[PDB]
Amino acid sequence: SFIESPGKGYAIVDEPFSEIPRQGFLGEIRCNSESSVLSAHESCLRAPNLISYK
Amino acid sequence: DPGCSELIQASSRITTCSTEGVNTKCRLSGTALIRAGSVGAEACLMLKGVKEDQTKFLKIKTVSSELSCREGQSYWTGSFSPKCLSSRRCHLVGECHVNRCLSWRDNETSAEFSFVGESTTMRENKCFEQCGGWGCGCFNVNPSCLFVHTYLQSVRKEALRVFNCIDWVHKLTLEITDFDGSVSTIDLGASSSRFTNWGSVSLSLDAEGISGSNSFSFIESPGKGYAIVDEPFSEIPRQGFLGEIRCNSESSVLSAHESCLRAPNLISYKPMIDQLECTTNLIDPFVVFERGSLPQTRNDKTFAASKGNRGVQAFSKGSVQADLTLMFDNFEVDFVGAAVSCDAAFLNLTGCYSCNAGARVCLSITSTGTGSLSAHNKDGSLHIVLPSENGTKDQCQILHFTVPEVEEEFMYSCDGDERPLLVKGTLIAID
C-alpha cells in the first residue's frame, strides 16, 4: 500500500490494504476527499465505540 | 524527581517570529521528533529565538511505563432473586380458558394481575393447568387456571462492570508542563494522541505488546479494586456462566430494568395446586470476584490494579524504547526585552555515564527575579536549562556523559553575558 502526501512526497507501507475500519488497525477513520478531512465531512466512515468518555 | 534528559532545538522553517513593542514574539507550527525518556527521564525541548537572553523551554515529564487496555464489550451484571405470585381461579372465572392458558405468552397481562401495574421490571406471566371439581376446590369439572406473575428484583446494593481486553497497549504516563507554567497530565499508548494547549503529542516507537488476551476477562469494582477471570469472554448471555443476566448501568442492576438482557427460560417453576415454588440457579459474580482478585500471577507478567487513573494496567520486568512526536498548531510564544542577571554555584554530581538514566547534576541558582538560565559547554554539545526564581534555589537536572571522570568548564548566563563555571564528579558504568 502507498500513501500520498500533497506538497511533501509519497510513501510505502508493507501491509495489506485497509478495507474495513476497525479499532487497533491503521485506517479506522476514512473519507473520500481532501475537503472531507480538512473540513470534517459527515459523509466519512467512523468506528463503532471509538470515542472514549470520562 | 530528576530533570530533563534529552534536549534538542527547534527548526527554522516551522518557527516564525515577529518583533513589536520591544517584545520579540515567536510562533510554533510544525512537527518535531525526539527520543522518549525512560523511568524518570524527561523528553524536553529548547526553543531559540533571535537573541541569546530570549529563550523559552518546554518540559515533558515521563512518570513510568504501563500497559493499558482497550475495552470493546462492556456491560453490568449482578445478583437477582425471583419473587413469584400465586393466584389460582377456577374455570369460567374472569379469563380462565384452556385455549388461552395453553397458549399463554409472557408479554400478556393476566386478569388477576392487571391492577398491579406496568413498571419497567423484568417480569413474565405463566399459566399452568391444574385440577378441578369439588375434590380440588372448584364447582365445575373443567380444569382451573393458575395465574403466575413472576418478577425479578435486585439483591446487592452494588454492581460489577465485567469487561475484556482484545490487545494490550503499552501506555506511557506523561505529565507535560506548558511554557507559562501550566501542568497537564496525559497518557500515550502505542500510537495514540492526547490534547494539550500548545498542540498535541503522539507516540511513535513501541517495543511492547501482550497478545492473546481473548481467553481472559476482567471485573472492575468502584472503590474496591479490580479482578481477573481465567475464562474466555462470551458475547451471548447463557446460563451457568459469568454474565447470565446483563444490563447497561448500575441503576439497571440495582432495580432490574426492562432494558436488561437475559436468556429465555431461567426460572424453575414447581406448580403444586396452591403452593408455588420459584427458584433460580444464577451465578454469583462476587464468588469469581473474590476468587480471582488482583494481584495475581499469570505466565511471566504480574497483573495489578490501578490506583490513580482509569482502566486495568499491567506490569512488566524489562526495558522498553519509545519515540515522542510533538505537534504545534500555531501557538504564540512571547519573550522579554531585558532579563535579570543570575549567579550559579556548584553543588554535587552523581549518577552514571553513557546510560539511559544519566547523571544527577545539581546547581545553586541565586537570582532576584523569575526567568530561566541559558547555558552550554565549549564544543557545542551539552545545554543547561534550569528555572531561576527570586532567592537562592536548588535546581537539579539530568546530563549525559561519556567519561567516568567528568571535568568540563561550563558557561552559564541569564541576561546575555556568560560566566565561567567548572564542574566535577565521579560516575559509575551502567549499561
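Residues numbered from 1 in each chain as written, not as in the entry; some residues may be left out. Chains lettered and ligands numbered in written order. Part of a larger assembly, values for the part shown. Heavy atoms only, no water.

For this entry, the PDB record names cryo-EM as the structure determination method and reports a resolution of 13.3 Å.

K.L.:
Quick question: what am I supposed to make of the pattern of salt bridges here?
P.N.:
It is possible for side chains of opposite charge to pair when their charged atoms get near one another. All names here are of chain B. Here the structure, examined in full by the defined rule, presents 21 salt bridges over all chains. Linking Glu20 and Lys25 is a salt bridge whose minimum nitrogen-to-oxygen distance equals 3.0 Å. Judged by its relative accessible area of 46%, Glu20 falls in the partly exposed class. Overall, the relative accessible area of 18% leaves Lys25 in the buried class. In this structure, the salt-bridge partner of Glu389 is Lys393, at a minimum N-O distance of 2.6 Å. Residue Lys393 is classed as partly exposed on the basis of its relative accessible area, which comes to 30%. Connected through salt bridges with shared partners, the residues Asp1, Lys61 and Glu175 form a single ionic network. (Salt bridge = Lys/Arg side-chain N within 4 Å of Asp/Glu carboxyl O. Buried < 20%, exposed > 50% of the residue type's maximum accessible area, 1.4 Å probe, protein only.)

K.L.:
What should I look at first to understand the nonpolar core in this one?
P.N.:
Side chains of a nonpolar character, in soluble globular proteins, are inclined to be buried together. Residues and elements named next belong to chain B. Within the largest apolar cluster, 25 residues are counted, with the highest numbers of intra-cluster contacts made by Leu188, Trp198 and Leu324. Elements that contribute at least two residues to this core include exactly β3 (23–28), β4 (31–35), β5 (42–46), β6 (57–68), β11 (169–177), β15 (199–206) and β21 (322–328). Among the elements that take part in this core, β21 stands out by supplying 4 residues, more than any other. Sequence-distant contacts of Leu188, that is, excluding residues within four places in its chain, are made with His170, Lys171, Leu172, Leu174, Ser193, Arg194, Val201, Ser202, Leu203 and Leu324. Residues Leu349, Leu363, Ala375 and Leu399 belong to the second largest nonpolar core, which totals 22 residues. (Core = buried A, V, L, I, M, F, W, Y, C linked by side-chain atoms within 4.5 Å. Helix = DSSP H or I, 4+ residues; strand = E, 2+ residues; numbered from the N terminus. Contact = heavy atoms within 4.5 Å.)

K.L.:
Help me out: how do you make sense of the sheet that holds strand β22 (residues 331–333) of chain B in this one?
P.N.:
Pairing between sheet strands relies on hydrogen bonds along the backbone, with the strands arranged either parallel or antiparallel. All names here are of chain B. Taken together, 3 strands build an open sheet; the order of strands is β2-β3-β22 and the sheet is antiparallel. Looking at strand neighbours, the two that pair on one side only are β2 (17–20) and β22, the edges of this open sheet. Going from strand to strand, the sheet's axes swing by 25 degrees on average, the running direction of each strand aside. Bridge count for β3 against β22 is 3 bridges, and the pairing is antiparallel. For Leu28, the partnering residue across the bridge sits in β22 and is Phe331. (Pairing = 2+ DSSP bridges. Axes fitted to C-alpha atoms, helices over the stretch in contact; angles between N-to-C directions.)

K.L.:
Looking at this model, I keep getting lost on the state of the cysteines. Mind explaining?
P.N.:
Residue and element names in this part refer to chain A. Throughout the structure, instances matching the rule amount to 13 disulfides over all chains. Between the sulfur atoms of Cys31 and its disulfide partner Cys44 the distance amounts to 2.0 Å. The S-S bond linking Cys31 to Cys44 shows a torsion near 110 degrees; that makes this disulfide right-handed. Taken together, the residues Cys31 in the loop between β2 (9–12) and α1 (35–38) and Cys44 in the segment after α1 connect sequence positions 13 residues apart. For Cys31, a relative accessible area of 25% corresponds to the partly exposed category. (Disulfide = S-S within 2.5 Å.)

K.L.:
What is the right way to read the environment of B:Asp379 from this model?
P.N.:
Residue and element names in this part refer to chain B. Mapped onto the fold, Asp379 is located in the loop between β25 (374–376) and β26 (383–385). Overall, the relative accessible area of 64% leaves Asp379 in the exposed class. Here the side chain of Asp379 touches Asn377 through a polar contact of 2.6 Å, side chain to side chain. For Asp379, the side chain forms a polar contact with the side chain of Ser381, separated by 3.3 Å. (Polar contact = N/O pair within 3.5 Å; in protein donor to acceptor, adjacent residues only side chain to side chain.)

K.L.:
Can you help me understand empty space enclosed by the protein in this one?
P.N.:
It is a probe the size of a water molecule, rolled over the atoms, that shows where empty space is left. Residues and elements named next belong to chain B. This model, assessed by the stated rule, comprises 3 cavities of 30 Å³ or more. As for the largest cavity, its lining consists of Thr77, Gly78, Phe80, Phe241, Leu242, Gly243, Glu244, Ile245, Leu282, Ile283 and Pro285. A class-by-class count of the residues in the lining of the largest cavity yields 7 nonpolar, 3 polar and 1 charged. What the second largest cavity holds in volume is close to 50 Å³. (1 Å grid on protein atoms, 1.4 Å probe; cavity = no way out; pocket = protein on both sides within 12 Å on 5 of 7 lines; lining within 4 Å. Points joined across faces, edges and corners; volume = space filled by probe spheres on them. Nonpolar A, V, L, I, M, F, W, Y, C, P; charged D, E, K, R; others polar.)

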